[PDB]
Structure formats: C-alpha cells, structure tokens
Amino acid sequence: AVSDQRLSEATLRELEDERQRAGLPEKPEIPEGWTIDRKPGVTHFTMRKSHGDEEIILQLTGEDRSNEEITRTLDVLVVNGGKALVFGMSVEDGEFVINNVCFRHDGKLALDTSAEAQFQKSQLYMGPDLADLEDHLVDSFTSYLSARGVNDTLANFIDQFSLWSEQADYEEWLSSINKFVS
C-alpha cells in the first residue's frame, strides 16, 4: 500500500520534472519518399521507400558496446525480383558504416522478421570481411546506397528521430507505471 503510494508519487514527480528539463529533442521531419513504421513504446522501428521496382527497407536492430558515443545498428535491405541485398550497418556520428554485405536469394526469407526466420538466416553466408575488399568495391557499395538515399542525411535523421522517440518513450514509461501502480 505505502510502497505503491511512494512509487506512484515518485513517477509523477519525475514526469513533472522531466518535462521542465532543457534538452528535450525536437521531432525531425522524415526524409522525402520515406515512410516510417514507429509506435510509442517500440524502439526498433522500420523505414521504407520505393526506388523504382525496388523497395528499400531500414530496420533498426539495436544499440551496442559500452560507449561514450551512442552507436546504433540497423539492416538496410534492397529488394527486387524476389531477392535482396542486405547491408548490416551501424550509425556512428551521423554517418553510415557498412559492417556486412549479404545477398539473399530468398527475398521472402530476407523480409521475414520472425525469430525462426532470423535463425535460418544466421546459418547463411554473411559475405566477406569488409577489410578484405579493395576500395573500388567498397566505394561502389557506398555509392549504390547513396544513390538510394542511404546517406549521411538519413543517418542523421535516424539519430535525431531515435533521441526524440526515446524521450517520448521515457515519458510514456513514467506515465504508464504511475497509472499501473495507482
């Protein structure tokens, strides 16, 4: 009873204080052509846009490693003709860093995000170590992504949008716990 009252008061106090703190991120305008699939409470959102016959899909996959600077991981899929080119990437200081480049003959499997689909794809070839590739190849991959809008502007939007939604999720977190304990 009392402990629940304390938690109720504490969450309300934080919600009120938080809203008065400076630094509250402003909501970024979504890049032209991109659609966004983001719901309150869901941190790993997805973005999509068409590129002629291809569809470009951006799926956040996580945040990693101890770090002073926040680095996010995401997959970029380019789907066309039932197949997909899948780029394993991370955003480091407003820029996209390619970590892996995989090719999926089974585009349907590539798009499937179920736990079972993830396991099946984990057994597939993950492409070469980027470090074993010459610049002409690596640069061509980066130019290919840039021609499709996957550039610093988009990487920049991802950080900005993530901060804003994290802030919104945090306040919704406080409010829902307050209601729950009340």
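The first residue of the sequence shown is number 1, and the count goes up from there.
S.K.: Return whichever of 17-25 and 167-175 has the greater mean Cα B factor according to the PDB record.
M.R.: Stretch with the greater average CA B-factor: 17-25.
S.K.: Would you tell me which stretch averages the higher CA B-factor in the PDB entry, 58-66 or 136-144?
M.R.: Mean CA B-factor is higher for 58-66.
S.K.: Ordered by C-alpha B-factor within the chain, which third holds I30? Give me lowest, middle or highest, please.
M.R.: For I30, the deposited C-alpha B-factor lands in the highest third.
S.K.: Against its chain's modelled residues, does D75's Cα B factor rank lowest, middle or highest third?
M.R.: Lowest third of the chain for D75's C-alpha B-factor.
S.K.: Mind checking which third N151 falls in for C-alpha B-factor across the chain?
M.R.: CA B-factor rank for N151: highest third.
S.K.: Based on the entry's values, in what third of the chain does the Cα temperature factor of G94 lie: lowest, middle or highest?
M.R.: Tercile = highest for this residue's CA B-factor.
S.K.: Compared with the other modelled residues in the chain, in which third is the CA B-factor of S50?
M.R.: Answer is lowest: the recorded C-alpha B-factor places it there.
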